[PDB]
$ cat target-v1.cif   # mmCIF, C-alpha atoms
data_structure
loop_
_atom_site.label_atom_id
_atom_site.label_comp_id
_atom_site.auth_asym_id
_atom_site.auth_seq_id
_atom_site.Cartn_x
_atom_site.Cartn_y
_atom_site.Cartn_z
CA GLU I 1041 40.34 88.19 24.07
CA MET I 1042 41.92 91.30 22.57
CA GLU I 1043 42.43 89.57 19.22
CA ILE I 1044 38.75 88.65 18.93
CA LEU I 1045 37.96 92.18 20.11
CA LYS I 1046 40.11 93.63 17.31
CA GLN I 1047 38.40 91.31 14.83
CA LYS I 1048 35.01 92.53 16.02
CA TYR I 1049 35.92 96.17 15.45
CA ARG I 1050 37.41 95.41 12.04
CA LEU I 1051 34.26 93.53 11.02
CA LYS I 1052 32.08 96.39 12.25
CA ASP I 1053 34.09 98.80 10.10
CA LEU I 1054 33.80 96.43 7.14
CA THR I 1055 30.02 96.15 7.44
CA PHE I 1056 29.67 99.93 7.76
CA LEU I 1057 31.70 100.34 4.58
CA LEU I 1058 29.61 97.71 2.77
CA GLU I 1059 26.35 99.35 3.84
CA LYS I 1060 27.58 102.69 2.50
CA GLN I 1061 28.69 101.05 -0.75
CA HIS I 1062 25.30 99.34 -1.16
CA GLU I 1063 23.51 102.65 -0.62
CA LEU I 1064 25.86 104.18 -3.17
CA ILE I 1065 25.04 101.54 -5.77
CA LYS I 1066 21.32 102.08 -5.15
CA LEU I 1067 22.09 105.73 -5.88
CA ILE I 1068 23.63 104.48 -9.12
CA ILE I 1069 20.46 102.71 -10.28
CA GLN I 1070 18.10 105.46 -9.20
CA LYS I 1071 19.57 107.73 -11.92
CA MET I 1072 20.50 105.67 -15.00
CA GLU I 1073 20.19 106.14 -18.77
CA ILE I 1074 18.47 102.82 -19.48
CA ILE I 1075 17.37 103.41 -23.09
CA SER I 1076 19.12 100.88 -25.33
CA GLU I 1077 17.84 97.96 -23.24
CA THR I 1078 14.73 99.74 -21.92
CA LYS S 447 3.45 98.29 -18.37
CA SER S 448 6.55 96.28 -17.51
CA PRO S 449 8.78 99.40 -17.86
CA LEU S 450 6.62 101.06 -15.20
CA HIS S 451 7.18 98.11 -12.87
CA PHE S 452 10.92 98.28 -13.54
CA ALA S 453 11.28 102.04 -13.09
CA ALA S 454 9.09 102.28 -9.99
CA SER S 455 10.91 99.22 -8.63
CA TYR S 456 14.28 101.03 -8.54
CA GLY S 457 13.48 104.62 -7.58
CA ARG S 458 13.45 106.30 -11.00
CA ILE S 459 11.67 109.45 -9.86
CA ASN S 460 12.06 111.42 -13.10
CA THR S 461 10.75 108.59 -15.28
CA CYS S 462 7.79 108.19 -12.93
CA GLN S 463 7.07 111.91 -13.22
CA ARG S 464 7.19 111.45 -16.99
CA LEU S 465 5.00 108.41 -17.62
CA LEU S 466 2.18 108.86 -15.12
CA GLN S 467 1.01 112.28 -16.29
CA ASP S 468 -2.25 110.61 -17.44
CA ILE S 469 -4.61 111.20 -14.52
CA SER S 470 -7.49 109.38 -16.23
CA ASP S 471 -5.27 106.30 -16.61
CA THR S 472 -5.72 104.34 -13.38
CA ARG S 473 -5.83 100.63 -14.18
CA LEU S 474 -2.14 100.33 -15.08
CA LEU S 475 -0.94 101.23 -11.57
CA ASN S 476 -3.39 98.75 -10.01
CA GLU S 477 -2.02 95.95 -12.20
CA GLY S 478 -0.42 92.76 -10.93
CA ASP S 479 2.84 90.89 -11.44
CA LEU S 480 3.29 87.12 -11.70
CA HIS S 481 3.01 87.18 -7.90
CA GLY S 482 0.54 90.07 -8.13
CA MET S 483 2.99 92.52 -6.59
CA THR S 484 2.00 96.15 -7.06
CA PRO S 485 4.69 98.82 -7.69
CA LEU S 486 4.17 100.14 -4.16
CA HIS S 487 5.32 96.82 -2.71
CA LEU S 488 8.27 96.71 -5.11
CA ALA S 489 9.51 100.18 -4.14
CA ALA S 490 9.00 99.29 -0.48
CA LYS S 491 11.11 96.17 -0.99
CA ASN S 492 13.91 97.86 -2.94
CA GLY S 493 14.62 100.88 -0.73
CA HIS S 494 12.84 103.84 -2.32
CA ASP S 495 10.58 106.49 -0.79
CA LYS S 496 10.08 109.24 -3.37
CA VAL S 497 8.41 106.88 -5.83
CA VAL S 498 6.07 105.37 -3.23
CA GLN S 499 5.08 108.80 -1.95
CA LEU S 500 4.48 109.98 -5.53
CA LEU S 501 2.21 107.00 -6.18
CA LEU S 502 0.48 107.54 -2.82
CA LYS S 503 -0.32 111.14 -3.76
CA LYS S 504 -2.20 109.60 -6.70
CA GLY S 505 -4.37 107.52 -4.35
CA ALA S 506 -2.86 104.05 -4.72
CA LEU S 507 -5.76 102.57 -2.63
CA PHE S 508 -3.39 100.20 -0.73
CA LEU S 509 -3.71 97.06 -2.81
CA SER S 510 -2.78 93.67 -1.36
CA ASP S 511 -0.90 91.01 -3.32
CA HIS S 512 -0.68 87.25 -2.87
CA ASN S 513 0.41 85.87 0.51
CA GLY S 514 -1.58 88.80 1.93
CA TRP S 515 1.46 91.05 2.33
CA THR S 516 0.95 94.79 1.92
CA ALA S 517 3.12 97.86 1.31
CA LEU S 518 4.07 98.31 4.96
CA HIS S 519 4.91 94.62 5.20
CA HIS S 520 7.36 94.75 2.30
CA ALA S 521 8.77 98.06 3.53
CA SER S 522 9.48 96.38 6.87
CA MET S 523 11.89 93.89 5.31
CA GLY S 524 14.87 96.21 4.87
CA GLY S 525 14.39 98.52 7.83
CA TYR S 526 13.75 101.61 5.69
CA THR S 527 12.20 103.82 8.36
CA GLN S 528 11.54 106.69 5.95
CA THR S 529 8.97 104.77 3.93
CA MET S 530 7.33 103.69 7.19
CA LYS S 531 6.89 107.29 8.32
CA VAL S 532 5.69 108.46 4.91
CA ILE S 533 3.21 105.57 4.64
CA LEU S 534 1.93 105.72 8.23
CA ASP S 535 1.18 109.45 8.46
CA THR S 536 -1.51 109.15 5.77
CA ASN S 537 -3.61 106.53 7.57
CA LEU S 538 -3.46 104.49 10.77
CA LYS S 539 -5.82 101.83 9.36
CA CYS S 540 -2.91 100.22 7.48
CA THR S 541 -1.10 98.68 10.47
CA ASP S 542 -3.46 95.93 11.68
CA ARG S 543 -4.13 94.29 8.31
CA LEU S 544 -3.17 90.65 8.09
CA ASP S 545 -1.37 88.43 5.59
CA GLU S 546 -2.03 84.85 4.48
CA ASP S 547 -1.06 83.26 7.81
CA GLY S 548 -1.34 85.93 10.51
CA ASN S 549 1.89 87.92 10.60
CA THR S 550 1.72 91.73 10.76
CA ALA S 551 4.21 94.48 9.94
CA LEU S 552 5.62 94.22 13.46
CA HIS S 553 6.18 90.49 13.01
CA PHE S 554 8.35 91.06 9.96
CA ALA S 555 10.18 94.07 11.40
CA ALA S 556 11.11 91.98 14.42
CA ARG S 557 12.00 89.06 12.13
CA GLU S 558 14.51 91.17 10.21
CA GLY S 559 15.67 92.81 13.45
CA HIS S 560 15.48 96.49 12.51
#

$ encode --input "target-v1.cif" --output "structure tokens"
Amino acid sequence: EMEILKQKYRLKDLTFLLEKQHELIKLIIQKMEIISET
Amino acid sequence: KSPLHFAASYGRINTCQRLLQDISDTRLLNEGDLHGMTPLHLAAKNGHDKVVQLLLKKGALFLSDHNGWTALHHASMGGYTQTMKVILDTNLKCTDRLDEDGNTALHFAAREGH
């Protein structure tokens, strides 16, 4: 039980990190110098 | 044209401010994609609020694409609450519209579980 519980918390931390990273990448597109391939 | 679809589809606020300074030009925003999607729906789908509010201040007229989906519908898939609040405060007549089969904005919000 405690091992699956630990896995659940680790996966929650992982998905929080991935959500933040995805928001960050969206930040990356929303200000880009797309001129050569515009 | 296509660059407008691209830029409005990914939250390029400065470019939008640049290339829609022509007030008399109206038909280009009301254009359609291969699926008829209007930039509003694109920005609602791709997580962007400043661009959709900027277009709304122009009077986007709330176009509807194929499959009957509308801006609120596409904004629902993704759980972006900010676009919901900035698109609902303007008019309450944009919640009960219906798509090709009968699903509403609530149907899709529940479907994606936000």

$ resolve_selection --input "target-v1.cif" --expression "the PyMOL selection byres ((chain I) within 8 of (chain S))" --output "ChimeraX atom specification"
/I:1066,1069-1071,1078

$ atom_distance --input "target-v1.cif" --atom1 "CA of residue 520 (chain S)" --atom2 "CA of residue 559 (chain S)"
14.0 Å

$ atom_distance --input "target-v1.cif" --atom1 "CA of residue 1042 (chain I)" --atom2 "CA of residue 1060 (chain I)"
27.2 Å

$ atom_distance --input "target-v1.cif" --atom1 "CA of residue 474 (chain S)" --atom2 "CA of residue 525 (chain S)"
28.3 Å

$ resolve_selection --input "target-v1.cif" --expression "the PyMOL selection byres ((chain S and resi 508) around 12)" --output "VMD selection string"
chain S and resid 475 to 476 483 to 487 498 501 to 507 509 to 511 514 to 519 533 to 534 536 to 537 539 to 541 543

$ resolve_selection --input "target-v1.cif" --expression "the PyMOL selection byres ((chain S and resi 524) around 9)" --output "MDAnalysis selection string"
chainID S and resid 490:493 520:523 525:527 555 558 560
